Amino acid sequence: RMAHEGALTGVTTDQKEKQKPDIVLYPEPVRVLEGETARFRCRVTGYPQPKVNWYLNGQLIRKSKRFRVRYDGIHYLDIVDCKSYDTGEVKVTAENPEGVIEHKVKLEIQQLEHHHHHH
């Protein structure tokens, strides 16, 4: 009968609406020929600025300022350093005090730029 019985926890703590975790990536494999710049997006969502990391070609931690990267939920993979001719695998994981996620995708980089042709 008495709605009041305990202190009400503030909401302005950081967010207003609590959503369920869920990372965003490229489930669709992508292939590019050497000499072409590749663009992929890797962000997280459902939870405020979590602590996630990723693996390029299966390698954790990518160079800073050289490539657009910010460890705060935002990670873009831009390869134009001219070294692309190498097929590998990308795997992204995420951490959260209340959740953990994982997704595997395959990226293979061929070579050249011109497609085959015939009669």
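Here the Cβ is made from the backbone with ideal geometry for all residues, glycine too, and neighbour counts use every protein chain on show. What follows draws every value from the coordinates through simple rules; no lab data is involved.
Restricting attention to region 55-99, the residues being touching a residue at least 60 places away in the same chain (Cβ under 8 Å), farther than 20 Å from residue 30 by Cα and of a type outside the set (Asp, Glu) number 3. In the set 32, 24, 44, 69, which member is among the aliphatic types (A, V, I, L, M), within 16 Å of residue 88 (Cβ to Cβ) and in contact with a strand residue (DSSP E or B) (Cβ under 6 Å, 6 or more places away or on another chain)? Result: 32 is the single residue among 32, 24, 44, 69 that is among the aliphatic types (A, V, I, L, M), within 16 Å of residue 88 (Cβ to Cβ) and in contact with a strand residue (DSSP E or B) (Cβ under 6 Å, 6 or more places away or on another chain). If you go through region 72-91 and keep only what is of a type in the set (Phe, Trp, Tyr) and either within 18 Å of residue 103 (Cα to Cα) or out of contact with any strand residue (DSSP E or B) (no Cβ under 8 Å at 6 or more places or on another chain) (or both), you end up with just 76. Within region 40-54, is there a residue that is of a type in the set (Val, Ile, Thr), touching a residue at least 12 places away in the same chain (Cβ under 8 Å) and part of a loop (DSSP other than H, G, I, E, B)? Yes; the residues of region 40-54 include at least one that is of a type in the set (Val, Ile, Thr), touching a residue at least 12 places away in the same chain (Cβ under 8 Å) and part of a loop (DSSP other than H, G, I, E, B). Restricting to region 54-88, count the residues that are of a type in the set (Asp, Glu) and more than 19 Å from residue 35 (Cα to Cα). Residues in region 54-88 being of a type in the set (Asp, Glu) and more than 19 Å from residue 35 (Cα to Cα): 1 in total.
Residue by residue, here is whether (1) surrounded by 13 or more Cβ atoms within 10 Å (Cβ to Cβ); (2) in contact with a strand residue (DSSP E or B) (Cβ under 8 Å, 6 or more places away or on another chain); (3) farther than 30 Å from residue 115 by Cα; (4) among the hydroxyl-bearing types (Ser, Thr, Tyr) holds:
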residue	(1), (2), (3), (4)
19	no, no, yes, no
52	yes, yes, yes, no
57	yes, yes, no, no
62	yes, yes, yes, no
95	yes, yes, yes, no
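When the residues of region 64-88 are narrowed to those that are in a loop (DSSP other than H, G, I, E, B) and of a type in the set (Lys, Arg), which ends up surrounded by the most Cβ atoms within 10 Å (Cβ to Cβ)? Filtering first and then ranking leaves 68. Within region 3-30, residues that are closer than 13 Å to residue 47 by Cα have Cβ atoms under 6 Å from residues that are of a type in the set (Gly, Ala, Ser) in these pairs: 19/46; 20/46; 21/46; 21/99; 22/46; 23/94, counting only partners at least 6 apart in sequence or on another chain.
The single residue among 104, 91 that is surrounded by 16 or more Cβ atoms within 10 Å (Cβ to Cβ) and not in a loop (DSSP other than H, G, I, E, B) turns out to be 91.
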